[PDB]
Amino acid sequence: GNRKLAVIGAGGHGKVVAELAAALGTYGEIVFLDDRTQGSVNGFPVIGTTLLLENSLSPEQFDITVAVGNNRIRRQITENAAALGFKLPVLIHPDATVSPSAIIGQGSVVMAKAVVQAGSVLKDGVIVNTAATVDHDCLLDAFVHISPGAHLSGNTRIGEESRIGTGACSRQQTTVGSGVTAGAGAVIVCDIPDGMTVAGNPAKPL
């Protein structure tokens, strides 16, 4: 396998992902790509901008991960990287628990203390953030983000690019569409149509 990992995005998310990869203990060097930050971030060198991806980095030397919180931009850069033949390893924190029967698409990231249970399917570039849990038989579509401490009950579906906020939760058998935003603390007790922004207990359109 590649001995080097390039983490795209040196923001706060980038710092956690870089530390995630560092915790795995398998890489020989971990670096940042960032269009603005220069020098080194939290010990990790920034070697250049997102342009090194197209112009200088070899898919036979570098694994790539996209540490950008914005779902649409993460999709943008992830699809880009994949089209240039880079590997986008599913990154799972040593202190996460991921079921052996779970299927998780490339570029996804599973954070410290997060859990993905049996039969769950995660498409590409999903984020299951700090201590978030995706229970049994859930479907998380491309570039979904489950924020810290959110809990999905069994058979929860979340649509493409949707964003489930810190401390949110869902009842079992609930369905959330694409481009949805559930706020921090949202208690999702019924299906949520595409594009909507909901919050409160129970979760209702803001």
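The first residue of the sequence shown is number 1, and the count goes up from there.
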Query - 73 to 81 or 98 to 106, whichever carries the higher mean Cα B-factor - result: 73 to 81
Query raised in the report: On average, are the C-alpha B-factors higher in 107 to 115 or in 82 to 90?
Result: 82 to 90
**Report entry** Residue of maximum C-alpha B factor among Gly185, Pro193, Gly11, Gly25, per deposited coordinates
**Finding:** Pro193
Query - Cα B factor band for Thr65 (lowest, middle or highest third within the chain) - result: middle
Query raised in the report: Lowest, middle or highest third: where is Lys204 by C-alpha B factor in its chain?
Result: highest
Query raised in the report: Lowest, middle or highest third: where is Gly177 by Cα B-factor in its chain?
Result: middle
Query raised in the report: Against its chain's modelled residues, does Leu57's Cα B factor rank lowest, middle or highest third?
Result: highest
Report summary line: Entry-reported C-alpha B-factor of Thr166 relative to its chain, by third, is lowest
